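**Student:** Sharing a structure here in structure tokens format.
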Amino acid sequence: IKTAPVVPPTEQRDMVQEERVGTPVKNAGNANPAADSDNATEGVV
Amino acid sequence: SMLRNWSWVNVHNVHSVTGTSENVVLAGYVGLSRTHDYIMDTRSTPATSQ
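Top to bottom, those sequences are chains B and B'. A prime marks a further copy of an entry chain. Going by the authors' numbering, the first sequence opens with residue 1192, and the numbers climb by one from there. Going by the authors' numbering, the second sequence opens with residue 646, and the numbers climb by one from there.
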């Protein structure tokens, strides 16, 4: 048995951190966001 | 050559093709909306296939 001094549970707080490597684009779920333009065969106002 | 091309005519007998004059001031292209949308997503185009 080894009794060791630890940090009291009430003087620390677990905080969830979300780590990201880059900011997702506007049309993140779209494989081809350029197909709204390539399929505008009548024009756009 | 300018007189033979009627540079002497009355500027009131010269009618615009429309029978109206015009002074249009409409706010226009600056390009901040197009460049902002590029940085958000570079995979789109503003120019349509038409």
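We put the CB at the ideal spot given by N, CA and C, even for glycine.
(1) Closest to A1219/B by C-alpha separation, out of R679/B', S689/B', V659/B', would be which residue?
(2) What is the residue span of the alpha helix (DSSP H) that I684/B' lies within?
(3) Step through the CB atoms of chain B' and report whether any lies within less than 8 Å of the CB of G1234/B.
(4) Under 8 Å, do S1228/B and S694/B' count as touching if we go by C-beta distance?
(5) Which residues in chain B' sit within 9 Å of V1216/B, going by Cβ to Cβ distance?
(6) Is the Cβ of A692/B' closer than 8 Å to any Cβ of chain B?
**Tutor:** In short:
(1) With distances taken between Cα atoms, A1219/B lies closest to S689/B'.
(2) From DSSP, the alpha helix (DSSP H) with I684/B' extends over 677 to 685.
(3) Taking Cβ atoms only, chain B' reaches closer than 8 Å to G1234/B, which makes this a yes.
(4) Contact flag set, yes.
(5) The contacting residues are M685, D686, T687, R688.
(6) Proximity of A692/B' to chain B, defined by a Cβ-Cβ separation below 8 Å, is satisfied.
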